[PDB]
Number of protein chains: 2
Amino acid sequence: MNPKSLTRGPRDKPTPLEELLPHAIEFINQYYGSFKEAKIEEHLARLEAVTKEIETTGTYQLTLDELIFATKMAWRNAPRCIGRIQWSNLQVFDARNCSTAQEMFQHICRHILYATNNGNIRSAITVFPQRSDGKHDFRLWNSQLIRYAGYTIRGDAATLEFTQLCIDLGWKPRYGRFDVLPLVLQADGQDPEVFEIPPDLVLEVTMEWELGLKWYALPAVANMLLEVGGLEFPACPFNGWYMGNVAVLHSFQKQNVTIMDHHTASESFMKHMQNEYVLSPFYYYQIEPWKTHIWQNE
Amino acid sequence: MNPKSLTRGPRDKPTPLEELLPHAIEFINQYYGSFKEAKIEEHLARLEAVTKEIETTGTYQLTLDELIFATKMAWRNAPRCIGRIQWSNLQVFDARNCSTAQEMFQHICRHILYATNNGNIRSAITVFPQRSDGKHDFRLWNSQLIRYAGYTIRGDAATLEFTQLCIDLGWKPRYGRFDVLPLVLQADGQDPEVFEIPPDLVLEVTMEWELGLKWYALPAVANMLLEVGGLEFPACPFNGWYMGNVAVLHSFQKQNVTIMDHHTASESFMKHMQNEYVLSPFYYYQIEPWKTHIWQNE
Ligand code: HEM
Ligand code: HEM
Ligand SMILES: c1cn(-c2ccc(O[C@H]3CCCN(Cc4ccc5c(c4)OCO5)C3)cc2)cn1
Ligand SMILES: c1cn(-c2ccc(O[C@H]3CCCN(Cc4ccc5c(c4)OCO5)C3)cc2)cn1
C-alpha cells in the first residue's frame, strides 16, 4: 500500500519555487479545465502571470473565484465527508487580508452568525491568510469553533486537555457541564489570544418529562489546513450541519435546527443540482499547535 | 544474581484481576506520590474508581495525564538510555482509540512529521491501544520506524531477514543500498499490512571530495512494549536523536540535524530543568511478532 499522509505539518521557510511552480500550474489547469473548451487564452494568460508573480515575490495570490473553486473541490475531495455530495452549497468568506487576532475574532463571529442563521444552518468556510515562510501562520487552536469545556469528568471529556490549556492561558473556568470554550486565536505567528464567544452567537438545542441536557447546533471544524496549487492555508474554519431514546432528532426538528434527515438530504442536493446551467485541493489535518508553538512569552 | 527478564511476551487471556489490581494500585500511588503532600483525596478517589472499573470490565483506562507520566517514568527507568537524563522533554501522542492499520499508519506519519521537525529533532512517543485479551494486539513489526532494507549484502545487513519478510508480504524490492523499508502494521491482532512511508517524510543527512553515502536523521524504536500499572502497550513507537574520518558530526551539524553534541546536551538538559516550578513503568523488549503470529491468511 502507498497511502499518503493526511497531515500537513509546519514549515520554517517558504516553499521552494521549484516545488511551488509545478503545483501552481497544475491547479490553474484544473481550474481552467472546469470551463471545458472555453477560455484557452485566459488560461495561458493566467499561467504567465502566476509564473511571473512567483518568480518576483516567491509566491502568488489566488483570484477570489479560484479560491472559491478550491474550497469546493477540497470538499468534493474529502473522503469521509457525507456532505460533499452537495459540494456547491458553500459560502466563502475571504479573510486573506486579515492581520490581527482581534480581526480573526470578528471574522469568526461573522461566520458563526451567517452559518447559524437562527437554526436554518448554512455551510460556510472562512479563509485566512496563506502561509508565507511558516513563521507567521494564522491558526485556530480550537478543534471546533463551538465545543463544551472538559474538566472523573465534567463537560466534554474530549477537551479536558484543551480546557486545561485555556485555563493556563488566563481563561476563567466556570465549572458547568456546558461551558462554551473560548476561541484561541493565533495571528501572524504570534502567541494565541483568548476570546470568549458572545453567548448570543451560540445556538443550542434543548432536549425534550428535566436532566438539563442541551447541545450546540453548529458543528464547525476549526483546525484543518487547505492546500491548493502548492499554497497552504493553515487557518480556514468551515461548518456543515449534523447527521443525527434519541430525543435529538426530535429536539432538533422541533426547534427547527437543520440536520441531515431525508428532507434536508433531498433539498440540499436539489439546490446543489440547480447550481448547474495525491488529491489537490485538499483539507489536511495539522499537528496540534500547542505542541509546536514557540512561545515569545509564556 | 536475580536479574529480571527484559522481555515481555504474548498472552492468550486477559490479565487476572488478582494480578492486575495490585499493580494498578501501586502505579496510582506512584502517580499521586508525584504530588507529595497534595491530593490525598483525589488519590483515594482514583483508587476507588479504578478498582471498580477493573471489577466491572476486567481492566481499566489511564487518564491522559497518567499516561503521560507513565511514558516519562518508563524513559527515566530505561537503564541504557543516555537521553533519559532529560526525560521531561517528551511529546506524547494518544492513539489509544486507534482501531485499524490505516489509522495506525496516519498516526505514525504524524509522529514522523512532528519528531523530524525539518531536522530540529523532537522526542515523541505514540501510544496505541493497550493489550486486552492478547489476541487483539496492535504491533509494529519493524524494529525502527525508518530503516534501510537489507538484501554478500546490499543495504542494511541487519535487516536482511525483515526485508525478506516484507517481500514475502508483497512489498516490491527496489534493490538499492538505501531503500527505506515499509511500515508493517498489525491492528487488533489482524495480519499485518504493508505501508510505504511517504519519501518526503524521510529526512536524510547526505555525507560531505562522491561515494553516494547518506543516512536517515530520525532514530525511532518501533517494537517495544510499555508496561504500566499492570497494563501492557505492545505498540508504542518512540524516538530520540543520534548520539554520534567521521563526516557524520560534520554532515549532521552542517545540515542542522540534531545530534547529542555538548550544545544539544546542555540545551536539552536546560529545557528539561526548566520543566520544574522490578521497575515499573518500563519499556520491555518483545518476541519478534512474525515468530509468534497466527496467520488468518498466508
Ligand atoms: C453540509 C453538511 C455537511 C455534512 C452533513 C457533513 C458531514 C460530515 C461527516 C459525517 C464527516 C465525518 C466525521 C467523522 O468521521 O468523525 C465529515 C468529515 C469532514 N467534512 Fe463534512 N459535512 C458537511 C459539510 C462540510 C463542509 C462545508 C466542508 C468543507 C468545505 C466539509 C469538510 C469535511 C472534511 C474535510 C472532513 C474530513 C473528511 C476526511 O477526513 O475524509 N464538510 N463531514
Ligand atoms: C532524546 C534523545 C535520546 C537519546 C540521545 C537516546 C539515546 C539512547 C542510547 C544511546 C541508547 C542505547 C542504544 C544501544 O545500547 O544500542 C538508548 C536506548 C533506549 N532508549 Fe533512548 N535516547 C533518546 C530518547 C529516548 C526516548 C524518547 C525514549 C523513550 C520515551 C527512549 C527509550 C530508550 C529505551 C527504552 C532504550 C533501551 C534501554 C535499555 O534497554 O536499557 N530513548 N537510547
Ligand atoms: C462538517 C462539520 N464536520 C464536523 C464537525 C464537528 C466534528 O466534531 C467531532 C467531535 C465532536 C462531536 N462531533 C459530532 C458530529 C458528528 C457528525 C457530524 C458532525 C458532528 O458535524 C457534521 O456531521 C464530531 C467533526 C466533524 C464535518 N464536516
Ligand atoms: C531513542 C532511539 N533509540 C534507538 C534508535 C535506533 C536504534 O537502532 C539501533 C540499530 C540501528 C542503528 N542504530 C544506531 C544508533 C546509535 C545510537 C543512537 C541511536 C541510533 O538513536 C539514539 O542513539 C542503533 C537503537 C536505539 C534509543 N532511544
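Basis for what follows: all heavy atoms, side chains included, without hydrogens, waters or symmetry-related copies. Order of the sequence lines sets the chain letters (A, B, ...), proteins ahead of strands, with each chain counted from 1. Whatever order the structure lists them in is the order used to number ligands and atoms, beginning at 1.
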Test ring-ring contact (aromatic ring centres under 6.0 Å, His included), reference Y216(A), set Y148(A), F178(A), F252(A), output is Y148(A)
Provide, to 0.1 Å, the distance between atom 21 (O) of ligand 4 and the closest protein heavy atom, together with that atom's residue and name. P219(B) CB, 3.2 Å
With atoms numbered from 1 as shown, which atoms in ligand 2 lie under 4.0 angstrom from a non-hydrogen atom of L90(B)? 27 (C), 30 (C)
Would you mind checking which non-hydrogen protein atom is closest to atom 22 (C) of ligand 4, with the distance to 0.1 Å? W241(B) O, 3.2 Å
Please report whether atom 22 (N) of ligand 2 has a protein non-hydrogen atom at a separation of less than 4.0 Å. yes
Among all the protein's non-hydrogen atoms, which is closest to atom 10 (C) of ligand 4, and how far away is it? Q144(B) OE1, 3.3 Å
For ligand 2, is there an atom lying under 4.0 Å from some heavy atom of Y285(B)? yes
Take atom CZ in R84(A); do more than 12 heavy atoms of anything else shown fall under 6.0 Å from it? yes
Using a 4.0 Å cut-off to any heavy atom of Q86(B), which atoms of ligand 2 qualify? 1 (C)
Salt-bridge criterion met for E227(B) and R8(B) (N-O under 4.0 Å): no
Scan the protein's non-hydrogen atoms and note whether one is under 4.0 Å from atom 38 (C) of ligand 2. yes
Distance to 0.1 Å, residue and atom name: give those for the protein heavy atom nearest to atom 5 (C) of ligand 2. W241(B) O, 3.4 Å
Who's the nearest protein heavy-atom neighbour of atom 16 (C) of ligand 3, and how far? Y242(A) CD2, 4.7 Å
Which label fits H272(B) and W87(B): parallel for a plane angle under 30°, tilted from 30 to 60°, or perpendicular past 60°? perpendicular
Among all protein heavy atoms in this structure, tell me which lies nearest to atom 28 (N) of ligand 4, with the distance rounded to 0.1 Å. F238(B) CE1, 4.0 Å
Can a non-hydrogen atom of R147(B) be found less than 4.0 Å from any atom of ligand 4? yes
Between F162(A) and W290(A), how do the two ring planes meet: parallel, tilted or perpendicular, split at 30° and 60°? tilted
Among the heavy atoms of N239(B), does any lie under 4.0 Å from an atom of ligand 2? yes
Closer than 2.8 Å to atom 21 (Fe) of ligand 2, how many protein N/O/S atoms do you count? 1
Using the six-membered ring of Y114(B), assess whether NZ or CZ of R122(B) lies under 6.0 Å from its centre and within 45 degrees of the ring axis. yes
Regarding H107(A) and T126(A), do their side chains bring together a donor and an acceptor under 3.5 Å, going by distance alone? no
Any idea which protein heavy atom is nearest atom 27 (C) of ligand 4, and the distance to it? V221(B) CG2, 4.0 Å
Any atoms of ligand 2 less than 4.0 Å from a non-hydrogen atom of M243(B)? List them with their elements. 5 (C), 10 (C)
For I287(B), does the CD1 atom sit with more than 12 other heavy atoms under 6.0 Å from it, leaving out its own atoms? no
Could you tell me whether atom 19 (C) of ligand 3 has at least one protein heavy atom nearer than 4.0 Å? yes
Residue that, paired with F238(B), satisfies ring-ring contact (aromatic ring centres under 6.0 Å, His included) out of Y283(B), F233(B), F93(B), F128(B): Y283(B)
What atoms of ligand 3 come within less than 4.0 Å of a heavy atom belonging to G240(A)? 1 (C), 2 (C)
Check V127(B) against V92(B) and note the closest heavy-atom contact, atom names and distance. CG2-CG1, 4.4 Å
Atom 14 (C) of ligand 2 protein-contacted, heavy-atom criterion under 4.0 angstrom: no
